[PDB]
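Values below: every heavy atom of this structure, side chains too, minus hydrogens, waters and symmetry copies. Just so it is clear: chains get the letters A, B, ... in the order the sequence lines come, proteins before strands, and each one is counted from 1.
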Protein chains: 2
Amino acid sequence: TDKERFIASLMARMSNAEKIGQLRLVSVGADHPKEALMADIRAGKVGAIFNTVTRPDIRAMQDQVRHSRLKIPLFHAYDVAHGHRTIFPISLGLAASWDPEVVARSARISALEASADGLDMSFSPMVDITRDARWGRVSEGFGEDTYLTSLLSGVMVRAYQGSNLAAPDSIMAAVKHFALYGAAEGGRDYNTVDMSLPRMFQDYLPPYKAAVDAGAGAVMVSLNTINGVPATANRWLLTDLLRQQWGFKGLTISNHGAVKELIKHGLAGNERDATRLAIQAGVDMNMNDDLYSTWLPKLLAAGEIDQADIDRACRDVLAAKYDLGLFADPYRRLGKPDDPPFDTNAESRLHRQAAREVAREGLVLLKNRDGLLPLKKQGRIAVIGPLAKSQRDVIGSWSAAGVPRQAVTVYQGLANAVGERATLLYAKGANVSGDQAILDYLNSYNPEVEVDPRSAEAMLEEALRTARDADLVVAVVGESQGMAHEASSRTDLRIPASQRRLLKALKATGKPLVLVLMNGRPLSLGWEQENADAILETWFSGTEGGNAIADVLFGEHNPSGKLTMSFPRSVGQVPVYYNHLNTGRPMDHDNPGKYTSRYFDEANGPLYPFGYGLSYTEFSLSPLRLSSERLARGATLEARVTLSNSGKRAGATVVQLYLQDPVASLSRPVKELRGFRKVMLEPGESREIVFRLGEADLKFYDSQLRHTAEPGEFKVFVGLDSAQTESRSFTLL
Amino acid sequence: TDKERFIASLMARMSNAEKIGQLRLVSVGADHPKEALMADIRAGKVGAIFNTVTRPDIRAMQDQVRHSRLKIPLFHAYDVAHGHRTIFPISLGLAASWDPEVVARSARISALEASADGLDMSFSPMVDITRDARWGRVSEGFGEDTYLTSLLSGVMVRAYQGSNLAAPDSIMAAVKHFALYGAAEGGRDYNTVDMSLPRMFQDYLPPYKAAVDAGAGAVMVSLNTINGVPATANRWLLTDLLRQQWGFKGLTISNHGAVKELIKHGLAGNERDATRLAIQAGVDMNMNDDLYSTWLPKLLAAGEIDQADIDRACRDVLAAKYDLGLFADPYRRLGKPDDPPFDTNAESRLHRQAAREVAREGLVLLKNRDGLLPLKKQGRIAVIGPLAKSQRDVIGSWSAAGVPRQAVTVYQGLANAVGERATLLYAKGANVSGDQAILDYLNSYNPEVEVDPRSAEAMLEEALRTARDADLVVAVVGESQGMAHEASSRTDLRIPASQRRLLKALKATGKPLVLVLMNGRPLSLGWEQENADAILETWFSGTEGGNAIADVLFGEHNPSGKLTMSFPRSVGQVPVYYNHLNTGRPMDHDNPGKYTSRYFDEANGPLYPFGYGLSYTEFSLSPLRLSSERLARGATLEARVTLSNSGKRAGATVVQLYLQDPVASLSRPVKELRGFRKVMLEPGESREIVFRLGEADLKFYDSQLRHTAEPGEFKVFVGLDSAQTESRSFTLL
Ligand SMILES: OC[C@H]1O[C@@H](O[C@H]2[C@H](O)[C@@H](O)[C@H](O)O[C@@H]2CO)[C@H](O)[C@@H](O)[C@H]1O
Ligand SMILES: OC[C@H]1O[C@@H](O[C@H]2[C@H](O)[C@@H](O)[C@H](O)O[C@@H]2CO)[C@H](O)[C@@H](O)[C@H]1O
Ligand SMILES: [Mg+2]
Ligand SMILES: [Mg+2]
């Protein structure tokens with residue numbers, strides 16, 4: 001190609017110093033002061049920047065390139081996870097939309113806004129499967145299902161990169177965290193991951209492959225061990241699998257200080273040996289620790305690495321810059337030199353309509369006793385709890401360049417909706433935690449949690465006076481965003497105790513109690529499901545969160561969100577997930593005995609299963625019908641069902657298709673998602689839903705990692721959640 | 001060999017019906033009524049019996065063999081886990097002795113008593129590694145450490161089997177549960193086990209190999225999947241590994257209904273296919289479901305199995321009976337035909353001296369503020385709690401033929417110890433649980449828990465009056481044995497709530513509070529460690545438990561037990577174990593960062609670490625000294641330390657040696673136990689302790705299961721627990 005000629009001609013000009021400079025990815029910080037970094041760019045010693053995110057600041061770096069010998073342009077990256085300046089819901093909330101077009105819209109707008117500020121790359125999407133609700137990074141993924149997360153992984157990559165990676169409104173996707181990062185033992189961040197190869201191939205690796213097959217330009221390597229070998233030093237993972245088996249042609253990027261962390265993992269006794277392990281494993285670009293620039297020349301001179309190791313790494317960096325259009329115009333995302341200056345954070349540069357529409361789709365109605373919701377815009381509404389007026393929490397963790405002061409709180413959304421037609425009464429009620437050690441943690445590094453200095457009792461008495469003066473209570477409760485972030489693993493999945501004390505006292509007033517939950521992970525909600533009159537899961541809903549939440553609470557939008565991760569009854573049940581194996585002694589409704597796979601001291605199964613979520617209307621499914629009883633190899637089967645809105649309000653629901661392979665050479669899950677359809681219906685409307693199934697839906701990795709579909713029975717389940725289904729069978733020939 | 005000749009000549013005479021009959025293992029019960037079973041034994045349709053446990057009942061079954069054509073004798077098995085009639089501590093408490101001779105004595109007496117009743121075989125030892133405290137079967141193992149569990153696995157097998165399996169006081173060991181059963185996901189019994197091969201080989205499989213290499217005659221196959229394949233159908237596990245790699249020449253026995261359970265696992269669609277999978281995998285003997293007798297003839301005639309499958313399985317049964325001496329004399333464990341009858345449960349047939357001496361060694365002193373223990377035999381002692389007068393709970397789960405009415409309760413042990421020197425005041429204080437659903441579960445089959453009909457409040461007021469009338473309170477609290485048994489997985493590791501309400505009320509009296517804990521698993525003891533004045537862990541200490549516990553509490557025995565399983569701070573930390581990996585971002589207890597592998601909402605690390613346990617005396621260790629800084633291949637290294645009793649009472653402690661391999665081609669544990677010495681010292685005595693290390697101590701399984709020692713640094717740690725050590729390094733050349 002012209003591309004491989006261009007790259008080979010450029011690399012034939014480069015010294016090893018220049019090639020190694022391309023591998024260096026750095027941020028402005030205590031480790032890399034701005035002026036020292038600018039001098040290094042002028043010297044050709046920097047390949048890319050992260051965490052510089054405004055047009056003037058990015059232009060100033062790109063300007064320094066003109067002073068180097070070869071003038072190779074930088075690329076600029078950032079953590080655009082669920083929004084750049086207009087923040088969408090957290091990924092776990094986006095997944096609850098069950099709508100690839102909603103997810104695509106969030107990614108497209110994110111890319112538009114990030115590229116509008118001069119960024120070329122996001123460290124996104126995060127596509128790690130999560131089965132352990134304790135892990136603080138569950139908020140960054142799409143939940144527990146391999147099918148859904150694989151589909152959304154490909155959608156996010158395509159939406160970011162567009163039809164052309166050189167387009168000024170495109171960014172390159174660096175899919176993360178390769179691999180298995182969300183299986184951390186104990187749900188402790190960065191911890192050991194240990195799993196069988198069949199589980200790895202069938203359940204955990206497919207989302208990364210979906211990103212590679214969608215054309216992701218980059219892969220960000222994870223921080224964890226995989227079966228004893230840190231990903232950063234894992235040649236099987238980064239070379240044999242990612243390059244040789246999957247055919248990935250793009251850029252591998254280390255995580256932050258990950259090469260140096262090989263010493264703490266016990267793979268290397270010094271930085272020189274760590275550098276050798278990372279580059280030979282297949283890590284191209286070294287984030288922040290500068291080990292590559294410090295040690296690659298010495299390693300090469302000693303014969304401890306090959307010239308081909310440097311050349312591979314450099315070619316991948318240059319090829320990413322080529323695809324981004326940066327050799328054609330290094331300023332293609334930076335406008336013209338005499339464009340007038342502007343306010344990066346101007347209102348007119350936000351996308352509030354997209355954020356509000358997307359955030360409505362993710363909200364999950366978990367409980368609604370006797371039609372309490374939707375509320376009428378009238379009377380006296382008490383708005384109570386530490387998350388009601390929180391701008392910092394509504395934008396979530398990994399909020400990129402989001403500005404808390406631009407965010408709509410739940411309180412403000414309700415004020416906007418009711419204008420002068422209803423009276424809102426506010427009381428904080430409790431601090432986010434009553435445990436001072438937890439507040440100390442959450443205010444470590446940055447003051448992110450406002451602490452009311454009053455006693456817990458004084459806050460409670462104020463909230464009880466407010467509730468007593470109202471017709472009903474909207475309690476806005478749950479986690480602060482720093483409880484569901486990197487390194488914030490939890491041993492308790494309940495609402496914090498200070499807030500549960502508040503909820504118990506509010507319940508005792510007899511006022512109708514509506515819970516508006518914010519949180520970044522599944523929560524244990526047994527008391528709430530028994531006592532609250534209605535419960536709306538809002539995740540962290542973003543810059544327009546409070547307006548989208550008010551839209552649902554007042555019935556402008558009929559809640560349509562459904563869970564993509566199972567909600568355990570308690571932390572002592574972890575893990576719970578819907579695509580588990582039967583065991584020899586299943587406990588389910590049809591197997592209720594003592595000598596089954598169960599706990600004895602708590603009810604069994606999730607409180608809310610995968611695919612659960614209610615509506616202000618009711619839906620009906622006709623009987624499931626398959627197009628035949630037998631499926632030949634090479635053929636497709638259809639599964640048909642009619643969905644009807646049998647209630648009085650328009651709304652959407654999600655029709656889910658699951659497969660079981662009840663007899664196989666491995667024990668296969670009791671159900672596995674293999675299709676879904678989100679459908680919006682007016683009252684009395686029907687839609688015929690046709691699912692297609694072929695052999696590709698039926699295959700699995702056996703003990704020898706053969707990817708096989710075995711002849712025999714398959715069971716096809718359809719329903720509006722993973723627990724409320726019916727089945728029909730066919731036979732594969 | 002005489003055995004091979006004898007078996008070949010017998011099998012050459014046998015029909016396939018006779019060979020298949022040898023594979024059938026059954027119990028008298030609903031499924032096999034006694035008289036029908038006796039007719040089947042006469043017809044040569046039965047190979048062995050389990051759960052028939054008295055000499056007259058066993059002799060009656062062996063008498064039926066005379067009616068079969070070849071008169072092949074039965075063998076008789078039972079679950080003699082930690083005692084037959086004289087019950088020793090549960091295994092987790094036996095392990096806490098750190099004394100292979102104490103563990104061997106428990107096994108030898110168990111074998112003496114079981115063989116005295118006519119039994120030939122125990123389904124024991126249980127050698128599954130346990131890192132998940134929720135699992136109800138942790139009580140049956142030896143804790144979390146591979147070295148210690150492997151050592152005790154071999155000790156148990158040799159103690160059962162003696163110098164000759166034909167000796168009338170020997171029984172055959174059927175080591176269980178092969179394999180990985182204790183790694184059940186979620187700690188739910190029977191659940192999925194999924195792990196890497198390096199973890200399997202390094203940490204989980206060595207105890208089963210130790211039993212094989214100690215000459216175990218039988219292996220009981222587990223109920224769980226291993227990486228998707230049920231053990232019962234796992235040809236890799238039962239044939240490639242157990243026979244071809246490890247050289248096992250004995251008998252494999254299915255678990256209870258395990259062949260039929262291949263249908264529920266989704267490996268088979270019918271009983272015929274389940275039978276085929278089990279026999280071809282390598283399961284010789286079919287427990288209770290009778291699938292082998294029903295289907296093997298049809299499978300053979302269809303060519304779906306080979307004659308060699310039946311012949312392998314039959315040869316292994318005959319070989320077990322040969323080694324048990326049953327072809328030389330089928331009545332060798334059943335006395336003479338005219339022996340007088342006797343009372344099986346006579347006091348004169350118990351071994352109370354041995355039970356008391358053994359039970360003393362496993363008790364673990366967890367806390368002792370200001371030398372409250374040992375108690376003087378004087379004053380007024382309140383004995384309070386639901387476990388104080390419990391005979392059924394002190395003998396534990398898997399109590400075999402133990403008779404609760406023969407057991408010494410904690411109350412009775414204290415009464416025996418003090419005679420008239422002190423006054424005991426009793427109050428039950430609380431029921432074992434306040435939750436009627438849990439009490440109904442525990443009493444669902446048999447009355448196992450006495451439910452005091454009084455209200456919780458009346459029991460508490462009685463206990464508070466009792467405490468006020470006393471000088472100090474001994475609170476006997478924890479789990480009932482049915483909480484730590486097969487299928488009894490727990491979501492909460494605390495003392496039950498009814499009992500914690502009692503403890504808090506007792507604390508508020510200001511009386512000194514001694515907790516005597518009974519339990520079959522690690523418990524979460526944060527409140528207790530803060531508030532109790534002293535804490536003694538007694539596990540379930542067996543038929544003489546109450547006397548052994550009083551021995552420690554009054555200082556006749558200086559506590560010397562040490563934990564063999566880490567005690568988590570809460571269930572939300574599971575798993576916690578001492579031989580974990582460092583990660584790239586380890587948390588430092590002395591300078592603890594946010595961006596480390598940790599929880600934010602609880603203190604980190606176990607409450608009590610592996611190897612922890614206090615004494616009534618003080619011990620000192622001199623500096624660790626290694627015999628050299630460099631170790632040549634094939635040479636031995638010595639690690640020396642002097643232990644001194646620097647206190648005022650005689651006592652024992654356990655000096656533990658740990659190794660770390662800080663740079664390796666896999667991430668290795670922060671430490672691994674590689675030796676120990678239990679040492680009893682009078683005051684002022686000193687012992688030079690010499691550990692020997694060579695290459696075998698330094699090897700590990702790499703990613704490709706190469707089992708070698710890599711040259712480089714090793715760190716040697718010695719101390720009296722896993723957390724408080726001193727360290728020196730050497731280099732392997
Ligand atoms: O630890 C906070 C610190 O993390 C750095 O590295 C991030 C990386 O940017 C991101 O893509 C990945 O998902 O997580 C890494 C942390 O595990 C960030 O670059 C830096 O800005 C901080 O956010
Ligand atoms: O389920 C209670 C039932 O278990 C049967 O099988 C036991 C087996 O005897 C024992 O060795 C093993 O460790 O556990 C199995 C259950 O998982 C017993 O045979 C029967 O007596 C009951 O105890
Ligand atoms: Mg099948
Ligand atoms: Mg080493």
Side-chain angles (χ1 to χ4, degrees), chain A residues 27-29 34-35 37-38 49-64 73-89 105-124 159-160 162 167-171 324-326 329-359 389-409 412-413 415-416 446-448 481 540-548:
Chain A
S27 56
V28 178
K34 186 145 148 196
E35 305 332 309
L37 199 161
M38 311 257 70
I49 299 294
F50 66 103
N51 282 353
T52 293
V53 302
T54 74
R55 169 190 285 197
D57 291 333
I58 294 176
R59 278 195 79 89
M61 308 280 219
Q62 204 66 280
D63 286 346
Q64 304 312 302
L74 297 162
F75 74 76
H76 285 80
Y78 195 43
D79 284 302
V80 181
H82 58 101
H84 180 57
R85 283 176 281 95
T86 307
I87 308 313
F88 295 92
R105 183 175 184 197
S106 72
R108 180 89 295 283
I109 294 290
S110 294
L112 183 160
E113 293 187 347
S115 63
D117 290 339
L119 291 160
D120 307 300
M121 176 186 288
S122 182
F123 302 136
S124 183
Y160 287 151
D169 59 351
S170 291
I171 65 181
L324 280 166
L326 294 167
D329 179 10
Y331 298 91
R332 65 196 306 103
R333 296 184 175 80
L334 293 171
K336 316 278 112 164
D338 45 14
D339 285 337
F342 61 95
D343 177 12
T344 287
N345 294 123
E347 267 297 309
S348 58
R349 299 188 78 233
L350 297 176
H351 295 82
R352 294 182 180 278
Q353 180 184 187
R356 185 172 179 165
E357 290 179 348
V358 164
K389 286 194 177 184
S390 182
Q391 285 179 308
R392 181 68 188 82
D393 294 306
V394 70
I395 64 173
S397 67
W398 293 109
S399 61
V403 180
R405 91 176 161 73
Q406 290 180 321
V408 182
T409 70
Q412 187 67 52
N416 291 344
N446 293 285
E448 290 182 346
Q481 57 73 37
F540 299 116
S541 275
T543 295
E544 282 291 314
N547 280 327

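A:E347 meets the salt bridge (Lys or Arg N to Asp or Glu O under 4.0 Å) test with A:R352; sequence neighbours excluded. Scored by the ring pair (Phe, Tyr, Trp, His ring centres under 6.0 Å) test, A:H84 finds A:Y78 as partners (sequence neighbours excluded). Partners of A:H76 by side-chain hydrogen bond (donor to acceptor under 3.5 Å, both in side chains), not counting sequence neighbours: none found. A search for salt bridge (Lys or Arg N to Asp or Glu O under 4.0 Å) contacts involving A:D117 returns A:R85, A:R349, not counting sequence neighbours. Every side chain to side chain contact (heavy atoms under 4.5 Å, CB included) that A:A81 has, sequence neighbours left out, goes to A:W398.
When all heavy atoms of A:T54 and A:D57 are compared, the closest pair comes out as OG1-OD2, 2.9 Å. In terms of heavy atoms, A:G118 sits closest to A:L334 at CA-CD2, 3.6 Å. Across A:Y160 and A:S124, no two heavy atoms sit closer than the pair OH-OG, 2.6 Å. A:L119 and A:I58 get closest at one heavy-atom pair: N-CD1, 3.8 Å. In terms of heavy-atom proximity, A:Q406 sits nearest to A:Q391 at N-NE2, 4.3 Å. Summarising the geometry of A:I395 relative to A:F540, their closest heavy-atom pair is C-CB, 4.4 Å, with the distance given to 0.1 Å.
In the model, A:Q481 has no side-chain atom that pairs as donor or acceptor with a side-chain atom of A:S399 under 3.5 Å.
For the pair A:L324/A:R333, a side-chain contact is recorded, criterion being any heavy-atom separation below 4.5 Å from C-beta on. Looking only at side-chain heavy atoms (C-beta outward), A:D63 and A:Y331 come within less than 4.5 Å of each other. Two residues are said to be in side-chain contact when any heavy atoms from C-beta on lie closer than 4.5 Å; A:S110 and A:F88 meet this criterion. Inter-residue side-chain proximity for A:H351 and A:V358 is flagged as unmet; no heavy-atom pair is nearer than 4.5 Å. No side-chain heavy atom of A:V394 sits under 4.5 Å from any side-chain heavy atom of A:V408.
Note that the CE atom of A:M121 and the CG atom of A:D79 stand 11.5 Å from one another [nearest 0.5 Å]. Here the CG-CD distance, from A:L74 to A:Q62, works out to 5.0 Å after rounding to the nearest 0.5 Å. A distance of 4.5 Å separates CG in A:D120 from CG in A:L326, rounded to the nearest 0.5 Å. Distance CG/A:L350 to CD1/A:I109: 11.0 Å, rounded to 0.5 Å.
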Can you give the donor-acceptor pairs under 3.5 Å from side chains of residues 335-343 of chain A to other protein atoms, not counting sequence neighbours?
from, atom 1, to, atom 2, distance (Å)
A:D339, OD2, A:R55, NH1, 3.3
A:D339, OD2, A:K336, N, 2.8
A:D343, OD1, A:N345, N, 3.0

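The backbone N or O of A:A548 sits nowhere less than 3.5 Å from a side-chain atom of A:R356 that would complete a donor-acceptor pair.
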